[PDB]
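Chemist: First, the structure itself, so that you have it in front of you.
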Amino acid sequence: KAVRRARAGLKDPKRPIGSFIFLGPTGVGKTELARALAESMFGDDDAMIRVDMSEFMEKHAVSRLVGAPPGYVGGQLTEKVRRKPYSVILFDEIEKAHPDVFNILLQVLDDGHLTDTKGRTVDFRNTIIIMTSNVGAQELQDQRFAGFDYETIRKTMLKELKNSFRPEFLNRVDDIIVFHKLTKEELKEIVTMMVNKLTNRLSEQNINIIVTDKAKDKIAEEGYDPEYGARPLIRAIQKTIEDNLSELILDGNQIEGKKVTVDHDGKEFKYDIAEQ
Amino acid sequence: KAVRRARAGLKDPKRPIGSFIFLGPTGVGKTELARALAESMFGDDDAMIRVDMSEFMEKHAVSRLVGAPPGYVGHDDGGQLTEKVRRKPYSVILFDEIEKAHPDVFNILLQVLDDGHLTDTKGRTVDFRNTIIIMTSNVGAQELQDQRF
Amino acid sequence: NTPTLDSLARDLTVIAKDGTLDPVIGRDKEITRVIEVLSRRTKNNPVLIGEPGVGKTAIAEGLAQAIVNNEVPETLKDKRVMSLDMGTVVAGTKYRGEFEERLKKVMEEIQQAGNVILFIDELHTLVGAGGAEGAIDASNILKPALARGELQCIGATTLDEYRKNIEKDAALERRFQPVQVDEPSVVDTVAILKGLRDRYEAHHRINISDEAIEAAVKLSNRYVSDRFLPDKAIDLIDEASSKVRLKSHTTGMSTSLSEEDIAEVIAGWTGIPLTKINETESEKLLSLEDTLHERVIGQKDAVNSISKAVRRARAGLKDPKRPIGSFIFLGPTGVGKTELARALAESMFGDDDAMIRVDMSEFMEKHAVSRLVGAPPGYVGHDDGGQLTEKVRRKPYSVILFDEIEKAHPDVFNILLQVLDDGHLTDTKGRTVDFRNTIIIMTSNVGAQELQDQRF
Amino acid sequence: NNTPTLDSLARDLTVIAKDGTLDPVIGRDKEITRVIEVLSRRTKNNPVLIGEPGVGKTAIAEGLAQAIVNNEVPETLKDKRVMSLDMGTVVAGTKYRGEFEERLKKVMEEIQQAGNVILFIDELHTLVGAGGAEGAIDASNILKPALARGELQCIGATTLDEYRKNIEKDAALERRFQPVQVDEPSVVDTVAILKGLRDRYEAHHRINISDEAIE
Amino acid sequence: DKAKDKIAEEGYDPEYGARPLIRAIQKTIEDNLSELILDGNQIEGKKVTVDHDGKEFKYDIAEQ
Amino acid sequence: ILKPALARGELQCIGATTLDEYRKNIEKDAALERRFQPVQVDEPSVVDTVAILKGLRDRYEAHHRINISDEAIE
Ligand SMILES: Nc1ncnc2c1ncn2[C@@H]1O[C@H](COP(=O)(O)OP(=O)(O)OP(O)(O)=S)[C@@H](O)[C@H]1O
Ligand SMILES: Nc1ncnc2c1ncn2[C@@H]1O[C@H](COP(=O)(O)OP(=O)(O)OP(O)(O)=S)[C@@H](O)[C@H]1O
Ligand SMILES: Nc1ncnc2c1ncn2[C@@H]1O[C@H](COP(=O)(O)OP(=O)(O)OP(O)(O)=S)[C@@H](O)[C@H]1O
Ligand SMILES: Nc1ncnc2c1ncn2[C@@H]1O[C@H](COP(=O)(O)OP(=O)(O)OP(O)(O)=S)[C@@H](O)[C@H]1O
Ligand SMILES: Nc1ncnc2c1ncn2[C@@H]1O[C@H](COP(=O)(O)OP(=O)(O)OP(O)(O)=S)[C@@H](O)[C@H]1O
Ligand SMILES: [Mg+2]
Ligand SMILES: [Mg+2]
Ligand SMILES: [Mg+2]
Ligand SMILES: [Mg+2]
């Protein structure tokens, strides 16, 4: 919707295309969604401007954004945005910065302007700003009921965001989206996507793979862990698919140019080998 | 009333037209008021000399206001704010969100509010006596939110 | 005629007729922008902007070829491309007014000829060039002519030298039009190399195969992070060709490049083991657990996991987007885990000192994080850069040991998060260091004491 | 020879090698091979020798000069001249505008006309910013055009930290040199080195040096 | 006026002042106009009237 | 050399420079600064810019050999 408003010309000239906080559990596609947006707008993930806020644990690191004061030894963000004014900016995992680094963001969000230590103004008015976070996720496991869902999770995360960030910052964001924890069906679709991307990475090595739905479902149930989202699926793929193929191709290269089929027989994975 | 009092000629020559702290809850047009004043006085918002104090968090960033310290590389250039004011002595100056600056920045502002003069690090003195100085803040909003009854 | 200019400047048009200039491929959009700007009325001065090695000087050479080949609109069908090194202009102007007179003469000759397109490559040199205690620099002499359309002046410079030098002089900046030369894509780079190929075959006296072109582009794009695509792919093809020449020439005849001749060069540059797995290396990798148990007794599960990650990287199944492995080793004191990290480093490099080591017990204060990534711009020691970033950049295939992780301030590991997920860490200069080929081992003994002071 | 100004600014290492006064270079066959591979390149055929202080980089360039004299290099190099150029010598006596740019331009023309010269610039990090700054054009900017199209075959040596501090600040200059990593030799390699150098020290100190003294 | 009043209550949030009104204007007015104008340029040169019926906003297109 | 004549009124000398180069060069020599009177040329408005472009139009049409519409100016 924000991208369409920008392309329709309805977007207020004096403001960025959008500013979004992506909030949720760990391992839920919010940084992946930011990269997917960058790809959909520019054809590659590399076109995203990225700022990994954990580098900014201490206030004075803000000089990376706007440069060193006049006459002091030695801005990165200002130069990159001035070079590509139509771009996606990702401030990943905002809560790990020093709380008041984002005081610099305020003028960006309200005006779409930021001033460079050379006295030069850069206009973020055509950028999209995305800020991933997972405040509250630690508190969600500190919490235990000495006593006898989604909306309560949403509310407590939003409250912890209210605690961590000053009110005049949160007031400038155009939208604050909480991400749903993944369902097991969604995890099975993610397994299908990952297996596709593995297959067509390996195919240009001339290693041809197929994985049956039974095998993918076994992987999806092996990697299931709700508190960790999709990441434990990667580890399951590494253990099951990649380890045994690596053993085969190292042990006499017995796979190059052949076809490998992975299926699970109900007891264990099997790695049948055949010609095309 | 401050604008009208200055245009009537009754303003103290030694002082700026006005200095005002705008304070209160977020999203209440205290920045928009400064913008509207700038438009009413000059016909465009962009005539406002806007300074975003949230860049001045570290002590040494004050070099942007009055130039690099003596012997530093940019020392001959003078300050960016001093030169913008010297170039346009009738102007609205907005110090947005003052409380986010390092405390040391207000020591520079003191002589501006006291004599209407700012000494650039070159030693040149810039006269603010015809400017309007507006400072916005929202100190206490986090103290307001943790007022539980 | 232009008798001073002819002595000061190289004529690229005659050199293009001679034919020594290498061919330009695919850059039709940039050449079109250059033609559009040159056909302007008032400030027909394109400046080609981009990274080092992306091809800007090649764009100017391709424009000289296009003029010679009469592929240009009629207004350019008889134009001279003159490449004016400002060094040659400044050279020998010992006395007052000699530089100003020489450059004024050059401008007069350009004006009277009218058919010259000047090419001031390295345009950032033009600011202050020829200045002195009372001289007038080249920029202030050229400013009048650049703004009346009398000169047609192509320039080229890096983005950083543009910002640093000629965005200082805001009056000079106005007079040039930046044509952004982007880094070409993989497929564009393949086409570029195929077009250049004949020039390198004629030098090295070898056949350069298409799959070698594809290997060199893919590998140099994946593993050479400091340099940009066309230059570094040409570099990799040129060194692989030189290598196979040298090896065959000193004691069939139609020697041909191959993907392995490229892998050997890229492995020589980076130290990453990219050459084909021979049987000795494979037998060593398969017996890796046995080699690690020569120094670590027990701990079978850890040895297994480490060896499987090493095999998974050497096979080529590792996700390109992520480090080879990240491991936490957790357990009681005096039990193998640091010894296992050292055994792994020895098994991979023949020495324990090849391991990058970070003792987290000295990151007890949060602000110590500046050791990993450097001081912010403006603070003392900013020039020195990050110690971990420099060490990993200098040896991208290395074991990194983060020792005694629980003793560091809890926040300090937030810097690791991007390393573990992307395999990137950003140096405080803004340089990106890729950890994608490192193994990261973290060691801890949390809980292990509680497992003894638990008394039910 | 036909290069009358270069021969006054530089030292001909090839003749000094033919006079046998350069100490012998032992065991560095892989680095020498890499240098030969880079010099045989078509375009950016300039190696830069990178390593720690005292690992033996200048000794690599001298081993190359001796390889030239021994004609054991390929025919493409079999008659090259290695000329060590001190940048502090080039800037000597150049007070007036354009005098340094003229000197280095004439040097470059002489190199191009002779074609049989390999330039060696030890301590290459001095190259950037050499030649002053008050309206001067420094050596790096003068040489960048030639270094990228094969006219100059140039060998550099510098420490890792001076490379980082100086060369990589000018990434356009960085692109033009290929880093040849001069690793520290092993213990047994250093034993072989010292047993090779023995004769040169025995003659100077007029004493025998036992093997177990080397060990 | 009924549309303006509905926007003024959907955007009401007293701790955040006027800014949530902007988000409300964006969601209600600008989303649907951007859909209309991107879906076949059907707004250009025509008049649009926005009202609220007590269930939802309606976006009626007419000639001038 | 010129300070005497500029202060006497011997030369009717118009000059032009940017704000930055005025501040950097000729405000240092405060005696020379005194001899000149600054006329600030402000940036023209949007509508003034439209008028300027409609005035220049003939010169660009005759160069490019095309017609330039008013709405293209706007
Ligand atoms: N909903 C999803 N759809 C598809 N892939 C997903 C999804 N969630 C996670 N993934 C995959 O899981 C991996 C990690 O996803 P991320 O988006 O980085 O998790 P994240 O929570 O956004 O990371 P943070 O914000 O830095 S903690 C990637 O390989 C994604 O492709
Ligand atoms: N009282 C008001 N009257 C009119 N418009 C207002 C008012 N308050 C806010 N606005 C509008 O809502 C937006 C935000 O107003 P601002 O004036 O920027 O809020 P602000 O509180 O002044 O900013 P702060 O203090 O730095 S968070 C602008 O588009 C204003 O036009
Ligand atoms: N489109 C192209 N077609 C053919 N060769 C190309 C092309 N683009 C780049 N090259 C080659 O890339 C190499 C380096 O390109 P250059 O244009 O010389 O570098 P550059 O961009 O001028 O870098 P600097 O820093 O400005 S000297 C040369 O060998 C060119 O032949
Ligand atoms: N399983 C083992 N096999 C062989 N040597 C071992 C083993 N465990 C410990 N050692 C030796 O004991 C010494 C100490 O081993 P360490 O690995 O440093 O202990 P540690 O577990 O690292 O202690 P912490 O957890 O870092 S406090 C070394 O000399 C090791 O060679
Ligand atoms: N491979 C070698 N063969 C023979 N002698 C060597 C070798 N390596 C080093 N040496 C000797 O050890 C010393 C090394 O000095 P250098 O070669 O100048 O080292 P360096 O790295 O060039 O030091 P800098 O950087 O120039 S200060 C000299 O006395 C050399 O003769
Ligand atoms: Mg994130
Ligand atoms: Mg404000
Ligand atoms: Mg060039
Ligand atoms: Mg040396």
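Letters A, B, ... mark the chains of the structure tokens in the order given; residue numbers begin at 1 per chain; ligand numbers begin at 1, in order shown.
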Please find the residues contacting ligand 3 at a distance of at most 6 Å between atoms, with only C-alpha atoms and all ligand atoms counted, and report them as a tab-separated table (two decimals) with C-alpha atoms, in the first residue's frame.
Modeler:
chain	number	residue	atom	x	y	z
C	22	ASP	CA	40.51	-2.49	-26.55
C	23	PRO	CA	36.88	-2.96	-27.63
C	24	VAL	CA	33.99	-1.67	-25.52
C	25	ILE	CA	30.99	-3.97	-25.06
C	26	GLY	CA	27.42	-3.41	-23.91
C	27	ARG	CA	27.79	0.14	-22.52
C	52	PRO	CA	37.48	2.10	-9.59
C	53	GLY	CA	37.67	-0.37	-12.45
C	54	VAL	CA	34.06	-0.18	-13.62
C	55	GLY	CA	35.08	1.06	-17.07
C	56	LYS	CA	34.92	4.87	-17.27
C	57	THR	CA	38.11	5.33	-19.27
C	58	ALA	CA	36.83	2.44	-21.37
C	157	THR	CA	36.78	10.31	-11.61
C	158	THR	CA	35.91	7.97	-8.78
C	192	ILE	CA	32.81	-8.09	-21.77
C	230	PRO	CA	35.04	-6.29	-14.86
C	231	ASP	CA	38.51	-5.33	-13.63
D	172	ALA	CA	42.22	3.81	-7.70
Chemist: Could you list, as a PyMOL selection string, all residues that come within 6 Å of ligand 9? Count only C-alpha atoms and all ligand atoms.
Modeler: chain D and resi 58+122-123+157
Chemist: Around ligand 8, out to 12 Å and counting only C-alpha atoms and all ligand atoms, which residues are there? I want them as a VMD selection string.
Modeler: (chain C and resid 47 to 61 83 to 85 119 to 125 154 to 158) or (chain D and resid 141 to 149 172 to 173)
Chemist: Any chance you could export the current selection's C-alpha atoms as an mmCIF file, in the first residue's frame?
Modeler:
data_model
loop_
_atom_site.group_PDB
_atom_site.id
_atom_site.type_symbol
_atom_site.label_atom_id
_atom_site.label_comp_id
_atom_site.auth_asym_id
_atom_site.auth_seq_id
_atom_site.Cartn_x
_atom_site.Cartn_y
_atom_site.Cartn_z
ATOM 1 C CA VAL C 47 31.765 13.551 -16.199
ATOM 2 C CA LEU C 48 31.802 9.763 -15.847
ATOM 3 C CA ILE C 49 31.319 8.771 -12.202
ATOM 4 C CA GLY C 50 31.743 5.358 -10.636
ATOM 5 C CA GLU C 51 33.877 2.946 -8.684
ATOM 6 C CA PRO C 52 37.484 2.096 -9.593
ATOM 7 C CA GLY C 53 37.674 -0.368 -12.454
ATOM 8 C CA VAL C 54 34.064 -0.184 -13.624
ATOM 9 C CA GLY C 55 35.084 1.062 -17.072
ATOM 10 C CA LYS C 56 34.916 4.868 -17.265
ATOM 11 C CA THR C 57 38.106 5.327 -19.273
ATOM 12 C CA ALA C 58 36.828 2.444 -21.374
ATOM 13 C CA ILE C 59 33.696 4.530 -21.969
ATOM 14 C CA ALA C 60 35.769 7.426 -23.286
ATOM 15 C CA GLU C 61 37.778 5.041 -25.479
ATOM 16 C CA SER C 83 43.277 13.160 -23.669
ATOM 17 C CA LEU C 84 44.854 15.970 -21.639
ATOM 18 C CA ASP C 85 46.891 14.797 -18.651
ATOM 19 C CA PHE C 119 39.004 14.327 -22.290
ATOM 20 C CA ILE C 120 40.452 15.336 -18.895
ATOM 21 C CA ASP C 121 40.704 11.903 -17.325
ATOM 22 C CA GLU C 122 41.319 12.029 -13.556
ATOM 23 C CA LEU C 123 39.257 15.225 -13.494
ATOM 24 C CA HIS C 124 39.683 15.609 -9.719
ATOM 25 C CA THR C 125 43.254 16.740 -10.440
ATOM 26 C CA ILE C 154 34.651 14.790 -20.896
ATOM 27 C CA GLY C 155 35.984 13.884 -17.470
ATOM 28 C CA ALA C 156 36.189 10.780 -15.329
ATOM 29 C CA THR C 157 36.782 10.310 -11.606
ATOM 30 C CA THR C 158 35.908 7.969 -8.782
ATOM 31 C CA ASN D 141 48.269 10.882 -10.105
ATOM 32 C CA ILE D 142 51.022 11.197 -12.718
ATOM 33 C CA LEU D 143 51.713 7.451 -12.793
ATOM 34 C CA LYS D 144 48.107 6.178 -12.634
ATOM 35 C CA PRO D 145 47.518 6.569 -16.420
ATOM 36 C CA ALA D 146 50.663 4.623 -17.333
ATOM 37 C CA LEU D 147 50.303 1.955 -14.639
ATOM 38 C CA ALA D 148 46.902 0.784 -15.911
ATOM 39 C CA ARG D 149 47.781 0.065 -19.564
ATOM 40 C CA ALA D 172 42.221 3.806 -7.702
ATOM 41 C CA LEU D 173 45.940 3.341 -7.008
#
Chemist: Please extract the residues of region 91-238 of chain C with a backbone DSSP assignment of alpha helix (DSSP H) and present them as a PyMOL selection string.
Modeler: chain C and resi 98-113+138-147+159-161+170-174+186-204+210-223+229-238
Chemist: Hey, which residues come within 10 Å of ligand 7 if we count only C-alpha atoms and all ligand atoms? Could you give them as an NGL selection string?
Modeler: (:A and (106-107 or 110-111 or 168)) or (:B and (22-23 or 26-35 or 50-53 or 94-98 or 135-138))
Chemist: Generate the output file for the selected residues, C-alpha atoms, as a PDB file, in the first residue's frame.
Modeler:
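Output file selection-v2.pdb is given in full below:
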ATOM      1  CA  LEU A 106      13.389  11.940  14.146  1.00  0.00           C
ATOM      2  CA  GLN A 107      14.059  14.691  11.589  1.00  0.00           C
ATOM      3  CA  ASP A 110       9.155  13.993  10.119  1.00  0.00           C
ATOM      4  CA  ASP A 111      10.816  16.081   7.375  1.00  0.00           C
ATOM      5  CA  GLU A 168       7.927  11.166  20.045  1.00  0.00           C
TER       6      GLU A 168
ATOM      7  CA  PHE B  22       7.839  25.600  23.264  1.00  0.00           C
ATOM      8  CA  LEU B  23       7.085  22.656  25.533  1.00  0.00           C
ATOM      9  CA  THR B  26       4.054  15.307  21.254  1.00  0.00           C
ATOM     10  CA  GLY B  27       2.162  16.058  18.064  1.00  0.00           C
ATOM     11  CA  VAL B  28       0.955  19.469  19.249  1.00  0.00           C
ATOM     12  CA  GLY B  29       1.885  21.992  16.612  1.00  0.00           C
ATOM     13  CA  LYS B  30       4.866  23.586  18.359  1.00  0.00           C
ATOM     14  CA  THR B  31       7.150  22.885  15.397  1.00  0.00           C
ATOM     15  CA  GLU B  32       4.290  23.700  13.026  1.00  0.00           C
ATOM     16  CA  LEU B  33       3.826  27.014  14.848  1.00  0.00           C
ATOM     17  CA  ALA B  34       7.452  27.968  14.177  1.00  0.00           C
ATOM     18  CA  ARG B  35       6.972  26.976  10.534  1.00  0.00           C
ATOM     19  CA  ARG B  50      16.373  25.213  11.297  1.00  0.00           C
ATOM     20  CA  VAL B  51      18.885  23.500  13.588  1.00  0.00           C
ATOM     21  CA  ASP B  52      18.144  19.892  14.572  1.00  0.00           C
ATOM     22  CA  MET B  53      19.761  19.612  18.004  1.00  0.00           C
ATOM     23  CA  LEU B  94      14.456  27.025  15.369  1.00  0.00           C
ATOM     24  CA  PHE B  95      16.387  24.853  17.849  1.00  0.00           C
ATOM     25  CA  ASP B  96      14.231  21.733  17.578  1.00  0.00           C
ATOM     26  CA  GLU B  97      14.315  19.335  20.559  1.00  0.00           C
ATOM     27  CA  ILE B  98      16.961  21.212  22.550  1.00  0.00           C
ATOM     28  CA  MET B 135      13.362  26.239  21.055  1.00  0.00           C
ATOM     29  CA  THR B 136      11.093  23.203  21.189  1.00  0.00           C
ATOM     30  CA  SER B 137      11.203  20.350  23.688  1.00  0.00           C
ATOM     31  CA  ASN B 138       9.158  17.526  25.138  1.00  0.00           C
TER      32      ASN B 138
END
Chemist: Hey, can you check how far CA of residue 76 (chain D) sits from CA of residue 40 (chain D)?
Modeler: 7.6 Å
Chemist: With the cut-off set at 7 Å and counting only C-alpha atoms and all ligand atoms, tabulate each residue of chain C with an atom at most that distance from an atom of ligand 4, showing the nearest atom pair and its distance in Å to one decimal, ordered by chain and increasing number, as JSON lines.
Modeler:
{"residue": "C:295", "atom": "CA", "partner": "ligand 4", "partner_atom_place_in_ligand_line": "4 (C)", "distance": 5.4}
{"residue": "C:296", "atom": "CA", "partner": "ligand 4", "partner_atom_place_in_ligand_line": "3 (N)", "distance": 3.6}
{"residue": "C:297", "atom": "CA", "partner": "ligand 4", "partner_atom_place_in_ligand_line": "3 (N)", "distance": 3.9}
{"residue": "C:298", "atom": "CA", "partner": "ligand 4", "partner_atom_place_in_ligand_line": "1 (N)", "distance": 5.7}
{"residue": "C:299", "atom": "CA", "partner": "ligand 4", "partner_atom_place_in_ligand_line": "1 (N)", "distance": 6.7}
{"residue": "C:331", "atom": "CA", "partner": "ligand 4", "partner_atom_place_in_ligand_line": "25 (O)", "distance": 6.7}
{"residue": "C:332", "atom": "CA", "partner": "ligand 4", "partner_atom_place_in_ligand_line": "25 (O)", "distance": 6.0}
{"residue": "C:333", "atom": "CA", "partner": "ligand 4", "partner_atom_place_in_ligand_line": "25 (O)", "distance": 4.0}
{"residue": "C:334", "atom": "CA", "partner": "ligand 4", "partner_atom_place_in_ligand_line": "19 (O)", "distance": 3.2}
{"residue": "C:335", "atom": "CA", "partner": "ligand 4", "partner_atom_place_in_ligand_line": "21 (O)", "distance": 3.7}
{"residue": "C:336", "atom": "CA", "partner": "ligand 4", "partner_atom_place_in_ligand_line": "8 (N)", "distance": 3.5}
{"residue": "C:337", "atom": "CA", "partner": "ligand 4", "partner_atom_place_in_ligand_line": "17 (O)", "distance": 4.8}
{"residue": "C:338", "atom": "CA", "partner": "ligand 4", "partner_atom_place_in_ligand_line": "22 (O)", "distance": 3.9}
{"residue": "C:339", "atom": "CA", "partner": "ligand 4", "partner_atom_place_in_ligand_line": "17 (O)", "distance": 3.9}
{"residue": "C:340", "atom": "CA", "partner": "ligand 4", "partner_atom_place_in_ligand_line": "17 (O)", "distance": 6.8}
{"residue": "C:404", "atom": "CA", "partner": "ligand 4", "partner_atom_place_in_ligand_line": "26 (O)", "distance": 6.4}
{"residue": "C:443", "atom": "CA", "partner": "ligand 4", "partner_atom_place_in_ligand_line": "26 (O)", "distance": 6.8}
{"residue": "C:444", "atom": "CA", "partner": "ligand 4", "partner_atom_place_in_ligand_line": "25 (O)", "distance": 6.3}
{"residue": "C:445", "atom": "CA", "partner": "ligand 4", "partner_atom_place_in_ligand_line": "25 (O)", "distance": 5.8}
Chemist: Which neighbours of region 32-49 of chain E fall inside 8 Å, counting only C-alpha atoms, when residues of the same chain fewer than 3 positions from it are skipped, and could you give them as a PyMOL selection string?
Modeler: (chain A and resi 4-5+8+10) or (chain E and resi 28-29+59-64)
Chemist: Taking only C-alpha atoms into account, report as a ChimeraX atom specification which residues of chain F lie within 12 Å of chain B.
Modeler: /F:19-25,27-28,38,40,42,45
Chemist: Export C-alpha atoms of the chosen residues as a PDB file, in the first residue's frame?
Modeler:
ATOM      1  CA  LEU F  19      29.149  33.391  -0.982  1.00  0.00           C
ATOM      2  CA  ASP F  20      31.725  30.754  -0.046  1.00  0.00           C
ATOM      3  CA  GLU F  21      34.510  32.269  -2.127  1.00  0.00           C
ATOM      4  CA  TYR F  22      33.675  35.764  -0.866  1.00  0.00           C
ATOM      5  CA  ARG F  23      33.933  34.603   2.747  1.00  0.00           C
ATOM      6  CA  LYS F  24      37.020  32.492   2.100  1.00  0.00           C
ATOM      7  CA  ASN F  25      39.129  34.845  -0.030  1.00  0.00           C
ATOM      8  CA  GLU F  27      36.723  38.830   3.560  1.00  0.00           C
ATOM      9  CA  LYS F  28      40.199  37.918   4.834  1.00  0.00           C
ATOM     10  CA  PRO F  38      27.758  43.211  -2.018  1.00  0.00           C
ATOM     11  CA  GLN F  40      22.920  39.623  -3.094  1.00  0.00           C
ATOM     12  CA  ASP F  42      18.758  35.626  -4.590  1.00  0.00           C
ATOM     13  CA  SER F  45      11.044  31.852  -7.466  1.00  0.00           C
TER      14      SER F  45
END
Chemist: When the cut-off is 10 Å and we count only C-alpha atoms, which residues of chain A are near chain E, given as a list in words?
Modeler: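 Every residue of chain A that passes the 10 Å test is in residues 1, 2, 3, 4, 5, 6, 7, 8, 9, 10, 11, 12, 167, 168, 170, 171, 172, 173, 174 and 175 of chain A.
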Chemist: Generate a file of the selected residues that holds N, CA, C and O atoms, formatted as a compact mmCIF listing (two decimals), in the first residue's frame.
Modeler:
# COMPACT_ATOMS: atom_id res chain seq x y z
N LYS A 1 0.82 -1.21 0.00
CA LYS A 1 0.00 0.00 0.00
C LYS A 1 0.85 1.26 0.00
O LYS A 1 0.57 2.21 -0.74
N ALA A 2 1.90 1.30 0.83
CA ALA A 2 2.78 2.46 0.84
C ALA A 2 3.52 2.63 -0.48
O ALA A 2 3.66 3.76 -0.99
N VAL A 3 3.99 1.53 -1.07
CA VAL A 3 4.66 1.63 -2.37
C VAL A 3 3.71 2.14 -3.45
O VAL A 3 4.09 2.97 -4.29
N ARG A 4 2.47 1.66 -3.44
CA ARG A 4 1.49 2.15 -4.41
C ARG A 4 1.17 3.62 -4.20
O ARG A 4 1.06 4.38 -5.18
N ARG A 5 1.00 4.06 -2.95
CA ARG A 5 0.79 5.48 -2.70
C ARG A 5 1.95 6.31 -3.22
O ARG A 5 1.75 7.41 -3.74
N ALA A 6 3.18 5.80 -3.08
CA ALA A 6 4.32 6.54 -3.62
C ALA A 6 4.28 6.61 -5.14
O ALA A 6 4.49 7.68 -5.72
N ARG A 7 4.00 5.49 -5.81
CA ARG A 7 3.95 5.51 -7.27
C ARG A 7 2.73 6.25 -7.81
O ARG A 7 2.81 6.85 -8.89
N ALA A 8 1.61 6.25 -7.09
CA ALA A 8 0.46 7.02 -7.52
C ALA A 8 0.65 8.53 -7.40
O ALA A 8 -0.15 9.28 -7.96
N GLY A 9 1.68 8.99 -6.69
CA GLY A 9 1.86 10.41 -6.50
C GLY A 9 0.98 11.01 -5.42
O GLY A 9 0.96 12.23 -5.27
N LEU A 10 0.26 10.18 -4.68
CA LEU A 10 -0.54 10.64 -3.55
C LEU A 10 0.31 10.92 -2.33
O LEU A 10 -0.11 11.69 -1.46
N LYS A 11 1.48 10.30 -2.24
CA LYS A 11 2.38 10.48 -1.10
C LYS A 11 2.69 11.95 -0.87
O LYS A 11 3.04 12.69 -1.79
N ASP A 12 2.54 12.37 0.38
CA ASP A 12 2.90 13.71 0.82
C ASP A 12 4.34 14.02 0.42
O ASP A 12 5.25 13.30 0.84
N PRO A 167 8.23 8.40 23.31
CA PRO A 167 6.95 8.52 22.61
C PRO A 167 7.02 9.33 21.32
O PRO A 167 6.30 9.02 20.37
N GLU A 168 7.86 10.36 21.26
CA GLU A 168 7.93 11.17 20.05
C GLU A 168 8.62 10.46 18.89
O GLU A 168 8.51 10.92 17.75
N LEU A 170 8.04 6.91 18.33
CA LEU A 170 6.98 6.02 17.88
C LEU A 170 5.84 6.77 17.19
O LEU A 170 5.15 6.20 16.34
N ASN A 171 5.64 8.04 17.54
CA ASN A 171 4.58 8.83 16.92
C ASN A 171 4.85 9.13 15.45
O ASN A 171 3.90 9.40 14.71
N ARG A 172 6.10 9.10 15.02
CA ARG A 172 6.44 9.43 13.65
C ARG A 172 6.39 8.25 12.70
O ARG A 172 6.32 8.46 11.48
N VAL A 173 6.43 7.02 13.21
CA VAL A 173 6.41 5.85 12.34
C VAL A 173 5.04 5.73 11.69
O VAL A 173 4.00 5.89 12.35
N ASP A 174 5.02 5.44 10.39
CA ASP A 174 3.75 5.30 9.68
C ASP A 174 3.00 4.03 10.04
O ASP A 174 1.77 4.03 10.04
N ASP A 175 3.70 2.94 10.34
CA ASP A 175 3.00 1.73 10.77
C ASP A 175 3.89 0.89 11.67
O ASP A 175 5.11 0.86 11.50
Chemist: Could you list the protein, DNA and RNA residues that have any atom within 8 Å of ligand 6, counting only C-alpha atoms and all ligand atoms, and write them as a ChimeraX atom specification?
Modeler: /A:30-31,91-93,131-133
Chemist: Could you please determine the separation between CA of residue 140 (chain B) and atom 31 (O, counted along the ligand's line) of ligand 2 in Å, to one decimal place?
Modeler: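 Rounded to one decimal, the two atoms are 22.8 Å apart.
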Chemist: Do you have, as a Markdown table, the list of residues of chain C lying at most 9 Å from chain F, each with its nearest atom pair and that distance in Å to one decimal, counting only C-alpha atoms and ordered by chain then number?
Modeler:
| residue | atom | partner | partner_atom | distance |
| --- | --- | --- | --- | --- |
| C:39 | CA | F:64 | CA | 8.6 |
| C:40 | CA | F:64 | CA | 8.2 |
| C:41 | CA | F:63 | CA | 6.9 |
| C:170 | CA | F:18 | CA | 8.8 |
| C:171 | CA | F:18 | CA | 7.9 |
Chemist: Write a file of the just-selected residues containing C-alpha atoms, as a PDB file, in the first residue's frame.
Modeler:
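The resulting file, result.pdb, is reproduced below:
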ATOM      1  CA  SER C  39      24.884  17.522 -27.888  1.00  0.00           C
ATOM      2  CA  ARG C  40      23.656  19.983 -25.244  1.00  0.00           C
ATOM      3  CA  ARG C  41      23.796  23.722 -25.895  1.00  0.00           C
ATOM      4  CA  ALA C 170      30.524  24.246  -6.092  1.00  0.00           C
ATOM      5  CA  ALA C 171      31.029  26.482  -9.137  1.00  0.00           C
TER       6      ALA C 171
END
